[PDB]
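Novice: One structure, as structure tokens, below. Some questions next.
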Amino acid sequence: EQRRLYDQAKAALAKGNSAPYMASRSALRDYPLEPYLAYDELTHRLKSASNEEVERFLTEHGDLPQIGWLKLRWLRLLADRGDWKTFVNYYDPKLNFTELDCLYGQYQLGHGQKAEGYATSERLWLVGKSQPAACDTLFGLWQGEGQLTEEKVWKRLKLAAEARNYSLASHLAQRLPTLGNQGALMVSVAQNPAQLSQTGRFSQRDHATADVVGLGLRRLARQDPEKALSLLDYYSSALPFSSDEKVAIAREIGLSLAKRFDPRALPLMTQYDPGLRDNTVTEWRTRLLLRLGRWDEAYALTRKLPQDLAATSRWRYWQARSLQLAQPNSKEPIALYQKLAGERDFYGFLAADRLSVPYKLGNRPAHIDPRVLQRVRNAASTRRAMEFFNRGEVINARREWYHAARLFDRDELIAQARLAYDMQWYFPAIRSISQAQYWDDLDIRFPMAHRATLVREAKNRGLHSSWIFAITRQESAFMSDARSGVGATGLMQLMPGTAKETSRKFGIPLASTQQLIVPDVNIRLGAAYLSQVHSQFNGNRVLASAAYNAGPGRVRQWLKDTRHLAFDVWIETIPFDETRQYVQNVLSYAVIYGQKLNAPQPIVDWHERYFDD
């Protein structure tokens, strides 16, 4: 039976008419999408629904992706009625609705859990953004019981200033009994911290003034770490900074100096994190030593790393490589690299390249227990996602797929990856197999859709065709209708102004921005634009890949005053975490695509291994 009661009842339900749905509830208790109509109908009359019916729906349909919205709305009703016993039976902190957390704090305050309710209030209060209305009620109760001290107003003011929510911060500032002056000063300094140059004005030796100054120096460090360091050197002896804020200031200044390759970062970072507690500071301390060519010290630092950093392929690679640079004639780096060859990521490729041994390129589909595959194809979320897919409701299908994945175990995730791959759903498949950390399936991890156009346009534009597959794999994971939050569209994630300029530059026809989700139009414009970035950086894929992600200007900035800089040092010392991983991904993917294209691609080409300013 091709039951079509569902689209009828959907039409009537949307909107107004619930009669067909109720008439079909038995005739559709097996159709997988039926809980969606039930969900809409219950939500519409939720203010009238019995506890019994709602509880029953949440009992039997707790797997719907949207069930949290139903709980939010119902729990809100339950609280508004004083149905506190039912509220706490169903309140879930893991829903991550601040509104429910605040209602729960109210429950604690009125039901003999004052100590816990105070702790809930303070945790929700110590937040730099405006909170929902129910939190205002909680804070009111908390303030009414004498807990909202000026110091707690001050703390939140600081958080609001840090988050650049100045309307909140200024409202908190107007609520300070004795500190209203310093509070206004905090807001002014947060908006323009360069005023800390007026050292004569920030001289009063109290903790409030030290808080104002510390916030300003942390802010100032983002864009002018050199000025921030000079001012720290003045203020350190003039203001009673706590030991904690001094470490925070120093670490933020040190990190920002190190990302500009300023060796003044090293003494500061060494003094304020001698025990290597801050992994970000440890890595940038090591990166900076590498940028400065201080191999001995970089090597000695890799020997002292905490376990979680020492275990990564990154610092296993740099331990071997800094040793080899510190001692070019030592045999000891060989064994170090050999531990790493065998790893299937960027640093494993680098280790193999340093040993001049072939790469590890095994394409091994996981063997799946037929019972686990059946389990996964039998799950209600999967069936719902299947039916959504066949009907074309692609966003609903994906949401089912992704929500279901949040509870699957490793074997199930692998089975889901196979099912999505066989539907030509490359990104869902890539997403699942990546969650499962099963890297040996190179068919799923590296789709070949639109191969003929990819190879042709690469050839037309003079590009290694593995590179364009790699860029596509990173940008969209081969979902040709992908669209980013800022408007980047299609296989190669083109901005519409970028696409129109490329179109005019090459004489490639582009009817509208909308055509950018047509794969061949995307690839033609994307290949052309990619070739422009490529020749702008002298055909160097490392630089051009970085520029694709961060822009040409940022890349030229990252090249200032370099000379014979090795490619692996340059990549490692890219200031943006995102761009560093982007580049390492694209280069690694191009190696894989080189094998699949029978056009071998080393991790970097001869002409890419060094480059200057």
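Going by PDB author numbering, the sequence shown opens with residue 29, and the numbers climb by one from there.
Note that CB positions come from ideal geometry on N, CA and C, so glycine has one too.
Closest by CA to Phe-436, which one among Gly-168, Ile-423, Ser-462 and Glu-415?
Specialist: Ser-462
Novice: If the criterion is Cβ atoms closer than 8 angstroms, does the pair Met-520 and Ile-545 meet it?
Specialist: no
Novice: Which residues does DSSP pair with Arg-511 in a beta bridge?
Specialist: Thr-517
Novice: Quick one: any contact between the stretch 245-257 and the stretch 275-283, if contact means 3 or more CB pairs under 8 angstroms?
Specialist: yes
Novice: Report the option in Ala-354, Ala-433 and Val-82 whose CA atom is closest to the CA atom of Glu-69.
Specialist: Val-82
Novice: Within its chain, find whatever has a CB closer than 8 angstroms to the CB of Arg-591; leave out the 5 residues flanking it on each side and keep chain order.
Specialist: Cβ neighbours of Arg-591 beyond the five flanking positions: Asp-640 and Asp-641.
Novice: Among the candidates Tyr-135, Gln-141 and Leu-317, whose CA atom is the shortest distance from the CA of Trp-112?
Specialist: Out of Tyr-135, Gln-141 and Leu-317, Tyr-135 has the C-alpha closest to the C-alpha of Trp-112.
Novice: Within the 8 angstroms Cβ cut-off, does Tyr-387 reach chain D?
Specialist: In summary, chain D is missing from the structure at hand, where a single protein chain is found.
Novice: At 4 residues or longer, what runs of the alpha helix (DSSP H) sit wholly inside the stretch 81-121?
Specialist: 95-108 and 112-118
Novice: Is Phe-639 helix, strand or coil by DSSP?
Specialist: strand
Novice: Which residue marks the beginning of the alpha helix (DSSP H) containing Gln-585, and which one marks its end?
Specialist: 580-586
Novice: Hey, quick one: how far does the alpha helix (DSSP H) through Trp-346 stretch, first residue to last?
Specialist: Its alpha helix (DSSP H) spans residues 341-354.
Novice: How far does the alpha helix (DSSP H) with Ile-599 in it extend, from its first residue to its last?
Specialist: 595-600
Novice: For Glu-325, which three-state DSSP category applies?
Specialist: The answer is helix: DSSP assigns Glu-325 an H, G or I state.
Novice: Keeping to the same chain, check which residues put their C-beta closer than 6 angstroms to that of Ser-265; ignore five residues upstream and five downstream.
Specialist: none
Novice: Would you mind sorting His-199 into buried or exposed? The rule is 16 or more other CB atoms within 10 Å of its CB.
Specialist: exposed
Novice: I need the boundaries of the alpha helix (DSSP H) containing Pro-295, first residue and last residue.
Specialist: 293-300
Novice: Would you list, in sequence order, the uninterrupted beta strand (DSSP E) runs of no fewer than 3 residues that lie entirely inside the stretch 344-419?
Specialist: none
Novice: If we count the other Cβ atoms within 10 Å of its Cβ and call it buried at 16 or more, is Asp-58 buried or exposed?
Specialist: exposed
Novice: Please name the residue in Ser-358, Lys-367 and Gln-352 whose C-alpha comes closest to that of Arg-344.
Specialist: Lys-367
Novice: How long is the line joining the alpha carbons of residue 657 and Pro-475, rounded to whole angstroms?
Specialist: Residue 657 lies beyond the stretch modelled for the chain, which goes from 29 to 641, so this question has no answer here.
Novice: For the candidate residues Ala-339, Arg-292, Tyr-557 and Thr-237, whose alpha-carbon lies nearest to that of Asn-307?
Specialist: Of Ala-339, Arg-292, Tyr-557 and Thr-237, the residue nearest in Cα terms is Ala-339.
Novice: Within this structure, are the beta carbons of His-492 and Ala-486 separated by less than 8 angstroms?
Specialist: yes
Novice: So, is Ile-442 buried or exposed, given that buried needs 16 or more other C-beta atoms within 10 angstroms?
Specialist: buried
Novice: With a CB to CB cut of under 7 angstroms and the five nearest residues on each side skipped, what residues in its chain are close to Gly-133?
Specialist: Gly-145, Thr-148, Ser-149, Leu-152 and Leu-166
Novice: Buried or exposed: where does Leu-154 fall if 16 or more other Cβ atoms within 10 Å of its Cβ makes it buried?
Specialist: exposed
Novice: According to DSSP, simplified to helix, strand and coil, what is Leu-131?
Specialist: In this structure, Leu-131 counts as helix in the three-state DSSP scheme.
Novice: Under a three-way DSSP split, which group does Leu-470 fall into?
Specialist: Secondary structure of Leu-470 (DSSP, three-state): helix.
Novice: Within 10 angstroms of its Cβ, does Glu-360 collect 16 or more other Cβ (buried), or is it exposed?
Specialist: exposed
Novice: Using DSSP with H/G/I as helix, E/B as strand and the rest coil, what is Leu-522?
Specialist: Strand.
Novice: Would you mind working out which of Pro-393, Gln-232, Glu-127 and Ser-195 sits nearest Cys-163, comparing C-alpha positions?
Specialist: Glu-127
Novice: If you run the structure through DSSP and keep just helix, strand and coil, what is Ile-631?
Specialist: coil
Novice: Rounded to whole angstroms, what is the Cα-Cα separation between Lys-75 and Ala-425?
Specialist: 29 angstroms
Novice: Would you mind sorting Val-215 into buried or exposed? The rule is 16 or more other CB atoms within 10 Å of its CB.
Specialist: buried
Novice: Taking only runs of the beta strand (DSSP E) that begin and end inside the stretch 536-561, which ones reach a length of at least 3 residues, in chain order?
Specialist: none
Novice: Should the stretch 323-334 be called in touch with the stretch 362-377, which here means at least 3 C-beta pairs below 8 angstroms?
Specialist: no
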